[PDB]
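# An overview of the molecular structure
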Protein chains: 2
Amino acid sequence: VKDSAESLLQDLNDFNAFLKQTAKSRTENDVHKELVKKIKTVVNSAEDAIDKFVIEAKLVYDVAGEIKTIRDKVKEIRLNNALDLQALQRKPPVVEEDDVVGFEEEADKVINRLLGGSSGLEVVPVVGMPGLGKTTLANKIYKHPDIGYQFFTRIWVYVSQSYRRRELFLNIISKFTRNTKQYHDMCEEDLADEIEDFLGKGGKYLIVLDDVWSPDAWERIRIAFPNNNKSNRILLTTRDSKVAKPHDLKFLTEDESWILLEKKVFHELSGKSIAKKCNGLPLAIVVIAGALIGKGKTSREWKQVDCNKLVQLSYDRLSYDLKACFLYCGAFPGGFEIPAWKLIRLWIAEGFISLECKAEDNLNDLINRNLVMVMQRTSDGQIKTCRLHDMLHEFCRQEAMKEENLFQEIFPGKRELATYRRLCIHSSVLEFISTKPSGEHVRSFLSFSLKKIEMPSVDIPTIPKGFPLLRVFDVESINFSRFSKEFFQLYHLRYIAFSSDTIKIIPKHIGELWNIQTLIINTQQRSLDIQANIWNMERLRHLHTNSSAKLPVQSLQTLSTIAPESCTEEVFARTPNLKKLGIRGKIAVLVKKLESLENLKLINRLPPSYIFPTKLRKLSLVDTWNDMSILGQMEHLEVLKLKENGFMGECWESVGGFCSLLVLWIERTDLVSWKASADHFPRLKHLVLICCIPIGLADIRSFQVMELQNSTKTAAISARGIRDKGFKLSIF
Amino acid sequence: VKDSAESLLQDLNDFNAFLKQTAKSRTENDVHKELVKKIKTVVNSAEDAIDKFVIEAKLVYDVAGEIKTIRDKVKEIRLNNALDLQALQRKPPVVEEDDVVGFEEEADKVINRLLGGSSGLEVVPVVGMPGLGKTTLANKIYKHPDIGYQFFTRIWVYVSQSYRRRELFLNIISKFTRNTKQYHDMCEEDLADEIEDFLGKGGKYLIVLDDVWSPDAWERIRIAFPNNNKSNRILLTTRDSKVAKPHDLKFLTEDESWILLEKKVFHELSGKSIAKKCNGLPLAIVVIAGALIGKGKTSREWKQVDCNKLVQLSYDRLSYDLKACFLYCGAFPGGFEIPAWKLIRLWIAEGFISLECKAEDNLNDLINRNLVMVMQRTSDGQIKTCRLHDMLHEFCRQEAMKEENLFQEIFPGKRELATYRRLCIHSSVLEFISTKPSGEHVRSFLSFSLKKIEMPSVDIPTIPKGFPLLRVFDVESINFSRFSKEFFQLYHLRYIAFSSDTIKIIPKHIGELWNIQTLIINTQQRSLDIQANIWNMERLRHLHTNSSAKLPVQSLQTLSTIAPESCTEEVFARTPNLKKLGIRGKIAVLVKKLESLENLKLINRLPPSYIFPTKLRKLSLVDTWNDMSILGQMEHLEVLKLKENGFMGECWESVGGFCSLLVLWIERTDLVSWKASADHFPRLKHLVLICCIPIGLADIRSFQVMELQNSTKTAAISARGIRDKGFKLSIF
Ligand SMILES: Nc1ncnc2c1ncn2[C@@H]1O[C@H](COP(=O)(O)OP(=O)(O)OP(=O)(O)O)[C@@H](O)[C@H]1O
Ligand SMILES: Nc1ncnc2c1ncn2[C@@H]1O[C@H](COP(=O)(O)OP(=O)(O)OP(=O)(O)O)[C@@H](O)[C@H]1O
């Protein structure tokens, strides 16, 4: 059976290489698409069989039969479709010029940015979502009367993914001379020099480089534009934020969306609801208006209404792994606030992806390409939450549900569920669960709902029974009263995330699951006792709990909210690579050996400063004023968060030197008198005071962002005075 | 089984020919890459099976089974992937013009070289590493105000690997006339004559020939440039040193590297450490700055950071054997000082490559292409040590570890080690050894560490056990207390290099290994007794020991530090091809028959000069003044090194005539009075005096390099006076 496993592994590797090769091009051939789907199904079957054999080897007849039948299927596919297997390995946009809604103020903003500045060649980059309207705004600015009056020469160059520098340079030359047959033998650099002479002969010039996709194209084309100490400007529209390094183009409002839809259809509650569902994207409004123009003007045909090639331009530029990472963001429901940490852990568990660094790099790559929107950011600048735009969400859902079978949103029949690979259900979870589903190839069970669900006791073991091959089990919105004997049979589990109301103890049978990477226990009990062999899990990396978990007496990276009785030297000696640590166990009971620790959280007198780790970067104290001199000696502390009565006192005088502090966060304190000088916070950048101000922080060079919340008006006056003395101040 | 061995040899030969053919082109097809990897794996398996059969034949059932299964695998591969097997058989650079750091002095140097010289057409060649900045410096010089003022005509020609002479000539012509349609029927020689007329009509001309790759291109393009007795100049940038036969472009300093990185990212300790790790290569700085511009400006995302197509241009021009020789240099750790002799012997033993002459030619070819950097050179001009640049080291490591599986740096599992071919481990050697690794296909075990390691006795036979197919065993950084019975079972050994502290005797069972080529015994004992049948090793070529080895009573080329009791006529009659010989055995105890000897070393009254070999070229005496008249009669001696009290005396008067001496090396002597004239050293070029001067050596025509070290200031004054009377003098 082992040699059969090796042969099946070789077949699966060749099929995976074929799938990776065919993903480089989109095929419209239906036979090729069907063959690709068949090959993907066989690949999934082979993966499941190999994982089953691996689990049995770690711990057989049915496994052998499955391996034989999958090998036979592979041979049949190779023999039958050999020829198909071998065969499977410029229009500038027309934008609106007459009825442009909402861009009247953004156009003036960009124009005033173009008409003002230094005397050098400056660039005004416009970045935005696919179909946001960057070309429309660039055209409105390009044909504006003020721009035409100020700029003697205006040139519109349409760059794209595919362009020829010689063709572009000869197109630019034709705007100045008609005898372009004299350049048939000059090189592209001589063409650029000729363009430089042409542009320098006149006055100021404005150049619109539309749809720049890489900095390489920008550098190659820029050699034709002189910098002759005149206020020459370049207007650049791009999807990627890297090419702009800007002006982030706005979204249309609800009223503007309705205005655009009404103008496009008619040169109504149903119409207003249709325009509201486009989320301020003019491309969606245009597409839906083109669809509505063909239907009759009847309220019943507009209630039935309640593109794809433009998005594919940026989706086809993603790598093979980044495409699967991007499509997995469509599993989260529409408008959902995706937690970045949860998304990263899910990506690592699904096998798409230190691994955390690569996953954060993938998320930042998706954000830079404007495929993912950021809303919440951490105080230190990291991303906290994100979401997909509704058109991007629809694209991801359609692609991953139809063409890739990455996941299926849920009722499917017994024949349909046998082909599903991942399940995402957030509505009518109990109704689907009561049907007793059974999927032998389902690898993930996702349930992202913000409403808590209590799982009936009679239905407790249905998911571990019907889906025994689960690798990801994210049911943190479902309360599990108890664990059945079938949960411990999920030997393939890598990501487990459950919520509970009465689970005060983790059984030792959890340690029988040696594939666990992330163990998230969201319980409302005050204390939790983890009896499972945490240290015997060789693949465990993160352990998140919201209670005071008590660990039993290398790859581990996070130990969130453990009890201080579990802060022994023996326990900390088993986790040399720990980076984030939290304690929520009556701090008064009590980490030096953790030389890689960066995040520390204590939730409820400070010891000498030499006891705390010297490499700590972020420290947060919750429910625990002159004691801050101990935290001042921390030479590497950069973020300090005080939440929920973290530091209580009346008078605080700044004495210690926070040589590395960048963010100071104080929440729910009784501080009355605070005296400080610029010397005590040399590197301060971020200051947040919520539900709580010496004028010495205006002398700080790095102080640029200050956040204020509800408090006495004297604090608001002090903040306003500090702002008067770019600074960002917000008071609420 | 013999006929099966012949059939498998034929199959392996065909597969090797296929692998050699596909290496001529880089394939981006993933299916093709997987097929190439599979074919390489099968080739390795066939090679191991054939060598096992050869060893058994020299000295069976398992060998037959392995041969049958490998033949079946070959047939299956041939039948399955026949179509894939059959299918498997211009952008000038844009460089920085505004922010160029560090080149302000190099540009002035090259400019003063261009503006000064004779009245003929001179060339200023700029040679350097891939990405060093030759094009940037050439562009800075080309657009310099002084160059523009002095040279009326300046032409920038971009040569590359692929160029068309007609296209280049028509591009040059277009710089002088716009009616280039009159040249549609002239030959390229008439085009060159027209260019000659155009360039001779004006004044002086400067021409920048960028990226010249072969002297043939230089000769073909040079026919268009007249030599009209004006100070016409050509600026040439190339990677190969042969095309320049120059100006070796400098590397950016650490401060300059940080300046460039800061300028590129921001138009920090982490930033300084990132710029320091680029090793002064502006291409690496540019790439890392482009990478950093996409990440957020947070200290945590800059600590996570702690191209390839440019290097591939020079790597793809290497031959099939030179590519493997080059990638093997990446086995040595980063920044390691690779000994040239050890590298050559390793290349010969690995089968990449008299053989020593070819290996030295390969090393010099790699050096000329600027793929390998030379730091230490022998006193006679030969190369002693070398290293790889860190970008080249990374390229070699990545290529040989991912795409070729040439070697793997080390923990890998039992399934992963079954595919490894060579192992390089220099950190945590004992930890990996204690895991008891077992690789049935591992052919080399490399450990290049400068820190000595004592090998536990319980772990002594682990390497000969887990790796029974070893061909190269370089563990000279590991001390072996004793030899286990498994060491003598390594019948495939070709290169054995071990260190020891108490091994005073080599067992006779070493002679059972008849495949040994290099036998390096690095022991700290004063004397060593080699009982193995050295003369029975028909393939032994080099025998290096640091102790007084006592040999027992044709291919041999080196016998380093043997005892003079082993300098008998009988022993020397068995080695007619010996070229290097050393003796470290109390020289007072005592080679004429060695008619091919070149190097002789005696380590502790001279006999008549007719006793010493007449062919001797280099002689070194260690611990052994009027006796130098005996060495003077040596008509072919060119290098004479005196180290560690080699020649002791008070007064030395030069009498003998060193008609062929080129290098004189004196170290740690008590010489007080030295009298000499130009007649006694007619051919002297190199003079080194360390830890020890008549003015008669200034009359020597060939005296150009003099090296001095710590001594009395009178010697420094004499050296300075000699320099006053190009000469290279260094005093420390
Ligand atoms: N403010 C607007 N008013 C009216 N129509 C608009 C407006 N903005 C965009 N459109 C229209 O919606 C579509 C959006 O395409 P457009 O070229 O403006 O987008 P883009 O930002 O350049 O996107 P892409 O990245 O795909 O090039 C076009 O048909 C355009 O005419
Ligand atoms: N001194 C410098 N200051 C700033 N940027 C530099 C400097 N030297 C090189 N660069 C930049 O680094 C890269 C090096 O490429 P460059 O063309 O200068 O190298 P090269 O010596 O011609 O190499 P190749 O053999 O690959 O052609 C370019 O992007 C160039 O702009």
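For this deposition, the record names cryo-EM as the technique by which the model was determined and cites 2.9 Å as its resolution.

## Re the site of ligand 1
Residues and elements named next belong to chain A. Neighbouring ligand 1 are 18 residues; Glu-96, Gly-133, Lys-134, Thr-135 and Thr-136 lie closest to it. A distance of 2.8 Å separates an oxygen atom of ligand 1 from a polar atom in the backbone of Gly-133. In the environment of ligand 1, an oxygen atom lies 2.3 Å from a nitrogen or oxygen atom belonging to the side chain of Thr-135. Protein chains bury 90% of the 630 Å² of accessible surface belonging to ligand 1 in isolation. Looking at the shell around ligand 1, the elements with two or more residues in it are helix 6 (134-142) and helix 13 (282-292).

## Looking at the packing of aromatic side chains
All names here are of chain A. Scanning the model with the defined rule gives 46 aromatic pairs over all chains in all. For the pair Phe-336 and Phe-448, a centre-to-centre distance of 6.4 Å together with 40 degrees between the ring planes defines the contact as tilted. Summarising the aromatic geometry, the rings of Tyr-491 and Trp-514 are spaced 5.8 Å apart at their centres and angled 35 degrees between planes, so their arrangement reads as tilted. On the criterion of sequence distance, the pair formed by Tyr-491 in the loop between strand 13 (472-479) and strand 14 (495-500) and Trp-514 in the loop between strand 15 (505-506) and strand 16 (518-523) is long-range, its members being 23 residues apart.

## A short note on the UniProt feature "binding site: ADP" (unreviewed entry) in chain A
All names here are of chain A. UniProt tags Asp-99, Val-101, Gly-131, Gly-133, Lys-134, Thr-135, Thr-136 and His-389 as "binding site: ADP" (unreviewed entry). Classification of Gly-133 as buried rests on a relative accessible area of 12%. For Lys-134, the location among the structural elements is in helix 6. Beyond its immediate stretch of four places on either side in the chain, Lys-134 contacts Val-126, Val-127, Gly-128, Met-129, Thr-237, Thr-238, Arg-239 and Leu-249.

## Looking at the UniProt feature "binding site: ATP" (unreviewed entry) in chain A
All names here are of chain A. Under the UniProt annotation, the feature "binding site: ATP" (unreviewed entry) is placed at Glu-96, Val-101, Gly-131, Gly-133, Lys-134, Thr-135, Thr-136 and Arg-239. Relative to the elements of secondary structure, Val-101 occurs in the loop between helix 4 (82-87) and helix 5 (104-115). In this structure, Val-101 is in contact with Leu-252, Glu-256, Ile-259, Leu-260 and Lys-263, ignoring residues within four places of it in sequence. Its relative accessible area of 7% is what places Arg-239 among the buried residues. Within the structure, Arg-239 has its side chain in polar contact with the backbone oxygen of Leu-310 (distance 2.8 Å).

## Points about the site of ligand 2
All names here are of chain B. In the vicinity of ligand 2 lie 18 residues, with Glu-96, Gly-133, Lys-134, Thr-135 and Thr-136 positioned nearest. Between ligand 2 and the protein, one listed contact pairs an oxygen atom with a backbone N or O atom of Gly-131 at 3.1 Å. Here ligand 2 loses 90% of its free accessible area of 630 Å² to cover by the protein chains. Counting residues per element, the ones that place at least two in the shell around ligand 2 are helix 6 (134-142) and helix 13 (282-294). In terms of residue class, the shell around ligand 2 is made up of ten nonpolar, four polar and four charged.

## Thoughts on the interface of chain A and chain B
Opposite the 39 residues of chain A that make contact, chain B presents 32 residues. At the boundary of chain A with chain B, total buried surface from both sides reaches about 3,000 Å², with 44% on carbon and sulfur atoms. The largest per-residue losses of area from chain A upon contact with chain B belong to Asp-185, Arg-220 and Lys-245 of chain A, which jointly make up 18% of the total buried on that side. Applying the counting criterion to the chain A and chain B interface returns five salt bridges.

## A short note on the packing of helix 5 (residues 104-115) of chain B against helix 6 of chain B
Each packed pair of helices is defined by two parameters, the angle between the axes and the distance between the axes. All names here are of chain B. Between helix 5 and helix 6, the least distance of the axes is 10 Å, while the angle of their chain directions is 60 degrees. Here helix 5 lies oblique to helix 6, going by the angle between them. Handedness of the helix 5/helix 6 crossing: right-handed. Where helix 5 abuts helix 6, its residues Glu-104, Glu-106, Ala-107, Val-110, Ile-111 and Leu-114 lie against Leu-137, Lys-140 and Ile-141. In terms of residue class, the contact of helix 5 with helix 6 is built from six nonpolar, no polar and three charged.

## Re the relation of the copies chain A and chain B
Each copy of the sequence occupies a distinct position, and chain A is placed on chain B by a rotation of 60 degrees and an axial shift of 0.0 Å, giving an RMSD of 0.1 Å. Taken together, the turn and the small shift mark the pair as related by a six-fold rotation axis.

## A closer look at helix 5 of chain B
All names here are of chain B. Between its first and last C-alpha atoms helix 5 spans 16 Å; for twelve residues at 1.5 Å apiece the expected length is 16 Å, and the two agree. Of the positions making up helix 5, those classed as buried are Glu-106, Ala-107, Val-110, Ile-111 and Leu-114. All buried residues of helix 5 lie within an arc of 135 degrees about the axis, which places them on one face of the element. Of the residues in helix 5, the exposed ones pointing more than 90 degrees away from the buried face are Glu-105 and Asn-112. Buried positions along helix 5 lie against strand 1 (122-127), helix 6, helix 7 (145-150), strand 3 (205-210), strand 4 (233-238) and strand 5 (247-248).

## Focus: the sheet that holds strand 6 (residues 338-339) of chain B
Whenever strands of a sheet pair, they do so through backbone hydrogen bonds, lying parallel or antiparallel. Residues and elements named next belong to chain B. Strand order across the open sheet formed by three strands is 6-8-7, with antiparallel pairing between neighbours. Of all strands in the sheet, those with a lone pairing partner are strand 6 and strand 7 (373-377), marking the two edges. Bridge analysis of strand 7 against strand 8 (residues 383-387) gives four bridges, and the strand direction is antiparallel. Bridging across to strand 8, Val-374 finds its partner in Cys-386.

## Some details on the side chain of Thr-545 of chain A
Residues and elements named next belong to chain A. Among the structural elements, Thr-545 can be located in strand 18 (residues 542-550). Under the relative-accessibility criterion, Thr-545 is labelled buried at 6%. Only 2.8 Å separates the side chain of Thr-545 from the backbone oxygen of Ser-547, close enough to count as a polar contact. Within the structure, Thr-545 has its side chain in polar contact with the backbone oxygen of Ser-560 (distance 3.5 Å). Once residues lying within four places of it in the same chain are set aside, the contact partners of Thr-545 are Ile-521, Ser-560 and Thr-561.

## Things to note about the pairing of strand 17 (residues 527-530) of chain B
All names here are of chain B. With burial as the criterion, only one face of strand 17 is covered, namely that bearing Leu-528 and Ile-530; the residues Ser-527 and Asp-529 on the opposite face remain uncovered. Summarising the sheet, strand 17 and strand 18 (residues 542-550) pair through three bridges and their orientation is parallel. Across the sheet, the residue bridging to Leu-528 is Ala-549, located in strand 18.

## Regarding the sheet that holds strand 8 (residues 383-387) of chain A
All names here are of chain A. Reading across the sheet, the three strands line up as 6-8-7 and stay open at both edges, with antiparallel pairing between neighbours. Edge positions in the sheet fall to strand 6 (338-339) and strand 7 (373-377), since each has one partner strand and no second. Here strand 6 pairs with strand 8 via two bridges, running antiparallel. Looking at strand 8, one finds that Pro-339 is bridged to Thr-385.

## Some words on helix 2 (residues 30-58) of chain B
With 29 residues, helix 2 of chain B ought to run about 42 Å at 1.5 Å a step, and its terminal C-alpha atoms sit 42 Å apart, in line with that. Of the residues flanking the start of helix 2 of chain B, the one acting as N-cap is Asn-29 of chain B, its side-chain oxygen 3.0 Å from the backbone nitrogen of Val-31 of chain B.

## Overview of a negative patch on the surface
On the surface, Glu-96, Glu-97, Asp-98 and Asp-99 of chain A cluster together into a negatively charged patch. A relative accessible area of 36% places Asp-99 of chain A in the partly exposed class.

## A few points about the environment of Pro-564 of chain B
Residues and elements named next belong to chain B. Among the structural elements, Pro-564 can be located in the loop between strand 19 (558-562) and helix 23 (569-573). On the basis of relative accessibility, which here comes to 11%, the residue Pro-564 falls in the buried class. For the pair formed by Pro-564 and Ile-583, sequence separation is 19 residues and the distance between their alpha carbons is 6.4 Å. Apart from the residues lying within four places of it in its own chain, the contact partners of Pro-564 are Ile-583, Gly-585, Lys-586, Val-589 and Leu-590.

## Some details on the packing of helix 16 (residues 320-328) of chain B against helix 18 (residues 355-368) of chain B
Residue and element names in this part refer to chain B. Following both chains from N to C, one finds helix 16 and helix 18 inclined at 80 degrees, their axes separated by 10 Å at the closest point. Considering their axes alone, helix 16 and helix 18 lie roughly perpendicular with respect to each other. On helix 18, the residues that touch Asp-321, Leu-322, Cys-325 and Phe-326 of helix 16 are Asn-362, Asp-365 and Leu-366.

About the thresholds
Residues numbered from 1 in each chain as written, not as in the entry; some residues may be left out. Chains lettered and ligands numbered in written order. Part of a larger assembly, values for the part shown. Heavy atoms only, no water. Near = heavy atom within 4 Å. Polar contact = N/O pair within 3.5 Å; in protein donor to acceptor, adjacent residues only side chain to side chain. Areas by Shrake-Rupley, 256 points an atom, 1.4 Å probe, with all protein chains shown as cover. Helix = DSSP H or I, 4+ residues; strand = E, 2+ residues; numbered from the N terminus. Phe/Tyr/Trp six-rings, centres within 6.5 Å; stacked < 30°, edge-to-face > 60°. UniProt positions renumbered as here; feature names shortened; annotations may be inferred. Buried < 20%, exposed > 50% of the residue type's maximum accessible area, 1.4 Å probe, protein only. Contact = heavy atoms within 4.5 Å. Nonpolar A, V, L, I, M, F, W, Y, C, P; charged D, E, K, R; others polar. Buried area = accessible area lost by both parts, 1.4 Å probe. Salt bridge = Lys/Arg side-chain N within 4 Å of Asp/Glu carboxyl O. Axes fitted to C-alpha atoms, helices over the stretch in contact; angles between N-to-C directions. Parallel < 35°, antiparallel > 145°, perpendicular 65-115°, else oblique. Left-handed = near helix turned anticlockwise from the far one by under 90°. Least-squares fit on C-alpha atoms. Expected span 1.5 Å × (residues − 1). Arc of directions from axis to C-beta. Pairing = 2+ DSSP bridges. Patch = residues over 30% accessible without salt bridge, like charges linked within 9 Å, V, L, I, M, F, W, Y side chains within 5 Å. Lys, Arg positive; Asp, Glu negative; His and termini not counted. Charge placed at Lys NZ, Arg CZ, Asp CG, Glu CD.

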